[PDB]
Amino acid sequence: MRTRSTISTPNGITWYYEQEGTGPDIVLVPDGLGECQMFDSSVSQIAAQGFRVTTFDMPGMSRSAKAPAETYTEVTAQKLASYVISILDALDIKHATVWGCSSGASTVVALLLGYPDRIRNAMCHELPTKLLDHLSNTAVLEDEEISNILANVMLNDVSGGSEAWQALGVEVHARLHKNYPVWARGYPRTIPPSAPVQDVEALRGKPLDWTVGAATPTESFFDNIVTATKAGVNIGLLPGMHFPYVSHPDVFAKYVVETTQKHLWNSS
């Protein structure tokens, strides 16, 4: 029942995407690694509740690598939001619920603020607003050292579940291996300063639901809790750390379905 295909947008990107289901649109935007196979289990569980679920590899990453260099260098939330609107346009998705973690979180808040008529509601998880020099500094290393450093960070520091992370399988980890240097060179130096959470009053009353990982060290996304609370935005936790859709797919799917259902009720 899964459609697995490609679509070309006039910004030069040939996207790999997947779709499943019929009903209101739910779009799952990847984290910075850009790898939509991380949503595989959850896409079927969400679609089975009466939704059309769409996800895709991000430009320059995995199977969406046929893209111009501007789409995967000096990347900002605003660039990514423009790229996601281009694929929604191409797929004729007029009104979508959106999820994103990491740069995906920055993307979905930029989508909700920038394109309000297009976005039913946004779920953001672990939105990066701080420059971390130790990750910025990986951008100047050789590709093999970047892949080794970041593969270890994901598995041992922020996966929220090392066994589920490894169980993504050899093919996915081979794609991630190639994505690590693209991510290092294009994301950590430019994504955090582009965070669309400088104007707290712009977030107030918006259909935004914000999460942090329950096991994430407090320091990592402390600022997300403070910002959400200042804006009166719903803020809570999902199990695990940076990849709840990998570590806890059934909890993740239930959250996405229940949050979408809450906004469908409110909308009527």
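We number the residues from 1 along the sequence you see.
Participant: Mind pulling up the entry and telling me whether 130 to 138 or 88 to 96 has the higher mean Cα temperature factor?
Facilitator: It is 130 to 138 that shows the higher mean C-alpha B-factor.
Participant: Between 31 to 39 and 199 to 207, point out the one with the higher average CA B-factor as the PDB entry records it.
Facilitator: Mean C-alpha B-factor is greater for 199 to 207.
Participant: So if I compare the CA B-factors in the entry for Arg52, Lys230, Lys66, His242, which one is the largest?
Facilitator: Comparing C-alpha B-factors across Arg52, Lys230, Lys66, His242, the maximum falls on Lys66.
Participant: Quiz for you: based on the deposited Cα B-factor, which of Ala77, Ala122, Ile149, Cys101 is highest?
Facilitator: Highest C-alpha B-factor among the listed options: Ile149.
Participant: Sorting by Cα B-factor within the chain, modelled residues only, which third would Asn156 end up in: lowest, middle or highest?
Facilitator: For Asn156, whose C-alpha B-factor we compare with every modelled residue in the chain, the answer is the highest third.
Participant: Would you please rank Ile225 by its C-alpha temperature factor against the other modelled residues of its chain and give the third it falls in: lowest, middle or highest?
Facilitator: According to the entry, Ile225 has a C-alpha B-factor in the chain's lowest third.
Participant: Compare the C-alpha B factor of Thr107 with those of the other modelled residues in its chain, then answer lowest, middle or highest third.
Facilitator: It falls in the bottom third of the chain.
Participant: Ordered by C-alpha B-factor within the chain, which third holds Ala48? Give me lowest, middle or highest, please.
Facilitator: According to the entry, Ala48 has a C-alpha B-factor in the chain's highest third.
Participant: So where's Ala184 on the chain's Cα temperature factor ranking, which third?
Facilitator: Middle third - that is where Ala184 ends up once the chain's C-alpha B-factors are sorted.
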